[PDB]
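Asker: My questions will all concern the structure given below.
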Amino acid sequence: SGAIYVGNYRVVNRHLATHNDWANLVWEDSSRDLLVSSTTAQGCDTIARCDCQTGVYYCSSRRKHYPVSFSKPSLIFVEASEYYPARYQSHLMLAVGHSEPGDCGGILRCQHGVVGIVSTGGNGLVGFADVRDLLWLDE
Ligand SMILES: NC(=O)[C@H]1CCCN(C(=O)Nc2cc3c(cc2Cl)OCO3)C1
Ligand SMILES: [Zn+2]
């Protein structure tokens, strides 16, 4: 689990969104596994606006942060789950690292701010849903 709080928005994995996220829906994209809902309280996370490929992510299955090199946002095949059939997930970035399903929502950050959230795992790889292109998150 985990979310990003920026302004009047909450960003979560679409497969983990609550009834409240759906009742206050702003935008959702199944191909990206992202959902954004509106909040009453003001969020203070800074979203990065960069092309960084190095950062640090939070891994809850290890209670630890790990430094990683990650790929550029791209369309990558993701195996079937209780949430989606087998498909290409867009805007996905991979890194060599530890991830379990419960790790989804852990934030990836660079020196410029929040890059994205854990969205896939397995085989000694971790996938992050990128959020840096969502320029409207700030306005
Ligand atoms: N973005 C998606 O489609 C997600 C939906 C939830 C499930 N997603 C996963 O990748 N699960 C997963 C499977 C694993 C694993 C780690 C993870 Cl995070 O290690 C053993 O098997 C895809
Ligand atoms: Zn950066």
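We label chains A, B, ... in the order they appear in the structure tokens, count residues from 1 in each chain, and number ligands from 1 in the order shown.
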Using DSSP assignments from the backbone, pull out every residue in chain A that falls under alpha helix (DSSP H) and give it to me as a PyMOL selection string.

Answerer: chain A and resi 19-23

Asker: Just want the residues within 7 Å of ligand 1, written as JSON, numbers by chain, counting only C-alpha atoms and all ligand atoms.

Answerer: {"A": [15, 33, 78, 79, 81, 83, 84, 99, 100, 101, 102, 103, 104, 119, 120, 121, 122, 123]}

Asker: Could you take the residues named above and write them with N, CA and C atoms, as a short mmCIF file (atom, residue, chain, number, x, y, z; two decimals), in the first residue's frame?

Answerer:
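So the final result, stored in out.cif, reads:
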```
data_model
loop_
_atom_site.label_atom_id
_atom_site.label_comp_id
_atom_site.auth_asym_id
_atom_site.auth_seq_id
_atom_site.Cartn_x
_atom_site.Cartn_y
_atom_site.Cartn_z
N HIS A 15 -5.44 -0.66 -8.99
CA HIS A 15 -5.91 -1.96 -8.46
C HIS A 15 -6.14 -1.96 -6.94
N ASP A 33 -2.30 1.53 -14.46
CA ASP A 33 -2.57 1.08 -13.10
C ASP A 33 -2.58 2.30 -12.17
N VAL A 78 2.90 -7.35 -18.59
CA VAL A 78 2.64 -7.67 -17.20
C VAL A 78 1.69 -8.89 -17.16
N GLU A 79 2.09 -9.94 -16.42
CA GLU A 79 1.34 -11.20 -16.28
C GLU A 79 -0.02 -11.01 -15.62
N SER A 81 -3.33 -11.26 -13.21
CA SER A 81 -3.52 -11.17 -11.77
C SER A 81 -5.02 -11.19 -11.47
N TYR A 83 -6.52 -8.70 -10.54
CA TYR A 83 -6.90 -7.34 -10.97
C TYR A 83 -6.93 -7.14 -12.52
N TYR A 84 -6.00 -7.73 -13.28
CA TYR A 84 -5.96 -7.52 -14.74
C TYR A 84 -5.67 -8.79 -15.56
N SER A 99 10.52 -6.78 -4.70
CA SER A 99 9.14 -6.30 -4.70
C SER A 99 8.21 -7.48 -4.51
N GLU A 100 7.19 -7.32 -3.69
CA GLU A 100 6.14 -8.31 -3.46
C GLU A 100 4.79 -7.59 -3.73
N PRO A 101 3.62 -8.25 -3.98
CA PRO A 101 2.39 -7.48 -4.28
C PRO A 101 2.06 -6.38 -3.27
N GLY A 102 2.23 -6.68 -1.98
CA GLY A 102 2.03 -5.72 -0.90
C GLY A 102 2.95 -4.50 -0.95
N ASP A 103 3.99 -4.56 -1.78
CA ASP A 103 4.90 -3.45 -1.98
C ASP A 103 4.32 -2.35 -2.90
N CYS A 104 3.27 -2.65 -3.68
CA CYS A 104 2.63 -1.60 -4.53
C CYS A 104 2.24 -0.35 -3.72
N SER A 119 4.39 -0.65 -8.83
CA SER A 119 3.19 -1.17 -9.46
C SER A 119 3.34 -2.61 -9.90
N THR A 120 4.57 -3.12 -10.09
CA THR A 120 4.75 -4.56 -10.48
C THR A 120 5.99 -5.16 -9.77
N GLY A 121 6.16 -6.49 -9.82
CA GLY A 121 7.33 -7.13 -9.20
C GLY A 121 7.61 -8.51 -9.75
N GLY A 122 8.40 -9.28 -9.01
CA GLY A 122 8.75 -10.66 -9.35
C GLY A 122 9.97 -10.81 -10.23
N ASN A 123 10.64 -11.95 -10.14
CA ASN A 123 11.86 -12.27 -10.89
C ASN A 123 13.06 -11.40 -10.52
#
```

Asker: Show me a table, sorted first by chain and then by increasing residue number, of the residues of chain A having an atom at most 7 Å from ligand 2, each with its shortest atom pair and the distance in Å to one decimal, counting only C-alpha atoms and all ligand atoms and written as a Markdown table.

Answerer:
```
| residue | atom | partner | partner_atom_place_in_ligand_line | distance |
| --- | --- | --- | --- | --- |
| A:48 | CA | ligand 2 | 1 (Zn) | 5.6 |
| A:49 | CA | ligand 2 | 1 (Zn) | 6.6 |
| A:50 | CA | ligand 2 | 1 (Zn) | 4.7 |
| A:51 | CA | ligand 2 | 1 (Zn) | 6.2 |
| A:52 | CA | ligand 2 | 1 (Zn) | 4.3 |
| A:110 | CA | ligand 2 | 1 (Zn) | 4.7 |
| A:111 | CA | ligand 2 | 1 (Zn) | 5.5 |
| A:112 | CA | ligand 2 | 1 (Zn) | 4.4 |
| A:113 | CA | ligand 2 | 1 (Zn) | 6.6 |
```

Asker: Identify which of the residues A:132, A:97, A:137, A:63 lies closest to residue 38 of chain A, counting only C-alpha atoms when measuring atom-to-atom distances.

Answerer: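 Closest candidate: A:137.
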
Asker: Looking only at strand (DSSP E or B) from DSSP on the backbone, list the matching residues of segment 7-79 of chain A as a count of residues only.

Answerer: 42

Asker: Skip residue 106 of chain A itself and residues of its chain fewer than 5 positions away, then list as a list in words all residues within 8 Å of it, counting only C-alpha atoms.

Answerer: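 Once the adjacent positions are removed, what remains is residues 1, 2, 3, 57, 58, 59, 60, 117 and 118 of chain A.
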
Asker: Find the residues near residue 139 of chain A: any atom within 10 Å, counting only C-alpha atoms, skip ones fewer than 3 places away on the same chain, and give them as a PyMOL selection string.

Answerer: chain A and resi 6-8+135-136

Asker: Those same residues, written as a PDB file, in the first residue's frame with N, CA, C and O atoms?

Answerer:
```
ATOM      1  N   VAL A   6      -0.516  15.359  -3.333  1.00  0.00           N
ATOM      2  CA  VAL A   6      -0.078  16.615  -3.933  1.00  0.00           C
ATOM      3  C   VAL A   6      -1.296  17.500  -4.133  1.00  0.00           C
ATOM      4  O   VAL A   6      -2.240  17.096  -4.807  1.00  0.00           O
ATOM      5  N   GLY A   7      -1.316  18.677  -3.490  1.00  0.00           N
ATOM      6  CA  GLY A   7      -2.440  19.593  -3.597  1.00  0.00           C
ATOM      7  C   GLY A   7      -3.731  18.955  -3.136  1.00  0.00           C
ATOM      8  O   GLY A   7      -3.720  18.237  -2.135  1.00  0.00           O
ATOM      9  N   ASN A   8      -4.807  19.091  -3.916  1.00  0.00           N
ATOM     10  CA  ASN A   8      -6.066  18.445  -3.554  1.00  0.00           C
ATOM     11  C   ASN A   8      -6.198  17.068  -4.242  1.00  0.00           C
ATOM     12  O   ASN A   8      -7.307  16.635  -4.542  1.00  0.00           O
ATOM     13  N   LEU A 135       1.386  16.744 -15.479  1.00  0.00           N
ATOM     14  CA  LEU A 135       1.689  18.130 -15.128  1.00  0.00           C
ATOM     15  C   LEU A 135       0.537  18.809 -14.383  1.00  0.00           C
ATOM     16  O   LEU A 135       0.777  19.679 -13.548  1.00  0.00           O
ATOM     17  N   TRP A 136      -0.716  18.377 -14.658  1.00  0.00           N
ATOM     18  CA  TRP A 136      -1.921  18.877 -13.994  1.00  0.00           C
ATOM     19  C   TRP A 136      -1.968  18.539 -12.497  1.00  0.00           C
ATOM     20  O   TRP A 136      -2.742  19.160 -11.778  1.00  0.00           O
TER      21      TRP A 136
END
```

Asker: Residues at most 7 Å from residue 45 of chain A, counting only C-alpha atoms, excluding those fewer than 2 positions away in the same chain, as a PDB file with N, CA, C and O atoms, in the first residue's frame?

Answerer:
```
ATOM      1  N   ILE A   4       0.525   9.066  -3.036  1.00  0.00           N
ATOM      2  CA  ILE A   4       1.211  10.365  -3.167  1.00  0.00           C
ATOM      3  C   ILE A   4       0.122  11.436  -2.918  1.00  0.00           C
ATOM      4  O   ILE A   4      -0.991  11.325  -3.429  1.00  0.00           O
ATOM      5  N   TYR A   5       0.428  12.435  -2.110  1.00  0.00           N
ATOM      6  CA  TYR A   5      -0.531  13.499  -1.791  1.00  0.00           C
ATOM      7  C   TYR A   5       0.036  14.818  -2.250  1.00  0.00           C
ATOM      8  O   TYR A   5       0.996  15.308  -1.662  1.00  0.00           O
ATOM      9  N   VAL A   6      -0.516  15.359  -3.333  1.00  0.00           N
ATOM     10  CA  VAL A   6      -0.078  16.615  -3.933  1.00  0.00           C
ATOM     11  C   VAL A   6      -1.296  17.500  -4.133  1.00  0.00           C
ATOM     12  O   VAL A   6      -2.240  17.096  -4.807  1.00  0.00           O
ATOM     13  N   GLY A  43      -2.231  18.291   0.191  1.00  0.00           N
ATOM     14  CA  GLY A  43      -1.029  17.460   0.090  1.00  0.00           C
ATOM     15  C   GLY A  43       0.238  18.273  -0.128  1.00  0.00           C
ATOM     16  O   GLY A  43       0.195  19.318  -0.787  1.00  0.00           O
ATOM     17  N   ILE A  47       6.188  16.698  -6.895  1.00  0.00           N
ATOM     18  CA  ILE A  47       6.367  15.750  -7.987  1.00  0.00           C
ATOM     19  C   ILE A  47       7.594  16.236  -8.789  1.00  0.00           C
ATOM     20  O   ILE A  47       7.746  17.456  -9.009  1.00  0.00           O
TER      21      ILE A  47
END
```

Asker: If we count only C-alpha atoms, what is near residue 34 of chain A at a cut-off of 7 Å, once residues fewer than 6 positions away on the same chain are taken out, given as a PyMOL selection string?

Answerer: chain A and resi 12-14+28

Asker: Find the residues near residue 87 of chain A: any atom within 10 Å, counting only C-alpha atoms, skip ones fewer than 4 places away on the same chain, and give them as a ChimeraX atom specification.

Answerer: /A:31,75-80

Asker: Just write the chosen residues, N, CA and C atoms, as a JSON list (two decimals), in the first residue's frame.

Answerer:
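Done, and the output landed in out-v6.json:
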```json
[["chain", "number", "residue", "atom", "x", "y", "z"],
["A", 31, "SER", "N", -4.53, 1.04, -18.14],
["A", 31, "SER", "CA", -3.30, 0.69, -18.84],
["A", 31, "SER", "C", -2.06, 1.14, -18.07],
["A", 75, "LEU", "N", 6.11, 0.76, -22.49],
["A", 75, "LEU", "CA", 5.05, -0.25, -22.54],
["A", 75, "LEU", "C", 5.73, -1.60, -22.28],
["A", 76, "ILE", "N", 5.44, -2.23, -21.14],
["A", 76, "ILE", "CA", 6.03, -3.49, -20.73],
["A", 76, "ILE", "C", 4.95, -4.53, -20.44],
["A", 77, "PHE", "N", 5.16, -5.80, -20.88],
["A", 77, "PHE", "CA", 4.18, -6.87, -20.62],
["A", 77, "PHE", "C", 4.12, -7.19, -19.12],
["A", 78, "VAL", "N", 2.90, -7.35, -18.59],
["A", 78, "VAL", "CA", 2.64, -7.67, -17.20],
["A", 78, "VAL", "C", 1.69, -8.89, -17.16],
["A", 79, "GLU", "N", 2.09, -9.94, -16.42],
["A", 79, "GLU", "CA", 1.34, -11.20, -16.28],
["A", 79, "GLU", "C", -0.02, -11.01, -15.62],
["A", 80, "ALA", "N", -0.97, -11.91, -15.92],
["A", 80, "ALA", "CA", -2.31, -11.85, -15.34],
["A", 80, "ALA", "C", -2.33, -11.89, -13.80]]
```

Asker: Would you compute the distance between atom CA of residue 20 of chain A and atom CA of residue 32 of chain A? Give it in Å to one decimal.

Answerer: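 Answer for the atom CA of residue 20 of chain A to atom CA of residue 32 of chain A separation: 20.0 Å.
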
Asker: Using only C-alpha atoms, which of the listed residues (A:30, A:71, A:42, A:61) sits closest to residue 88 of chain A?

Answerer: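 The closest residue to residue 88 of chain A is A:30.
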
Asker: For atom CA of residue 16 of chain A and atom CA of residue 36 of chain A, determine how far apart the two atoms are, in Å to one decimal place.

Answerer: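 Computing the Euclidean distance for atom CA of residue 16 of chain A and atom CA of residue 36 of chain A yields 11.4 Å.
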
Asker: Between A:131, A:17, A:92, A:56, single out the one closest to residue 72 of chain A, counting only C-alpha atoms.

Answerer: A:92

Asker: Please compute the atom CA of residue 116 of chain A-atom CA of residue 128 of chain A distance, one decimal, in Å.

Answerer: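 The value is 5.9 Å.
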